[PDB]
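The form deposited in one PDB entry is given below as one chain in structure tokens.
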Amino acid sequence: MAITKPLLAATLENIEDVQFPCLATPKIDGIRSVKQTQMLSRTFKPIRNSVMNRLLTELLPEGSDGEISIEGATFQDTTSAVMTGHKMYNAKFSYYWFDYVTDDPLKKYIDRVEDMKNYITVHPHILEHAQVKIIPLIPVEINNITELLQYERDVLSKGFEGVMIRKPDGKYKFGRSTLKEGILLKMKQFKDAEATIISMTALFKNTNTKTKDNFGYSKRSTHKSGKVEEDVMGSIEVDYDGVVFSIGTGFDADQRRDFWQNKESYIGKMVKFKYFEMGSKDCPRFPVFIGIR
């Protein structure tokens, strides 16, 4: 009945890959948190802001799954509030409750939602707290592409980050859902743009002592000591109409080679990339390389 590890989402690129009917909810741009005795982050480390942990641990039933978010605040402000080990904290904050694991993890998503609906009926006060606004996310039924697109337009106008899609009978998988599985899909709209390469930085292999983590995955520290330079491009620094930042994902092995081999000739060339607008502070959020020219 314990949540071995949080359910993660797969990315939807081709809307035709969606299996209908499906259950959708708005995507919250916040910080993940599951109640396992106390409030835990996505990596199962306790939530630093003891006041939030305490308040949520009390209001929510063991096995709750959701995201913490500050209404009207920037993403970074929400991050500061959640990641800071505040002694005392009085500001208002919300918690979007989107899943609930009771006894069996293999219970169908629709049923787990029913559990949420039932629990809320029995404890009305948990949505009335004066400091913590607990917002339940009951999925909406979408039967086709026309409906999904309409729903998307709707949640985006209301300020959400995007839309999350669930297979009705999907189990609560311990780990990341795949596309074929369709258990949990995220749907975000990225914006394409172009920028000029101004420099290149070499790729660095991390040879720090490989350990284990809260789940049993390979964990390696990032001490600059264990970082050994390789003869391939690690990231490029670009100039997006005055804004300077780096793009390091979206390259395959051959490209990292080609880029480093011709580091001289590529400086000054225009690259196409994409990024997510919402949440961007001083430069593009989630920059991903697409191509050249």
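Sequential numbering from 1, following the sequence displayed.
One more form of this protein should be noted, the form deposited in another entry, which is absent from this view; the next part is about it.
Among the listed residues (51, 93, 188, 270), the one located at the hinge where rigid parts rotate relative to each other between this form and the one not shown is 188.
Compared with the form shown here, the Cα atoms of residue 154 and residue 193 move at least 3 Å closer together in the other form.
Relative to the shown form, the CA atoms of residue 189 and residue 14 are brought 3 Å or more closer together in the other form.
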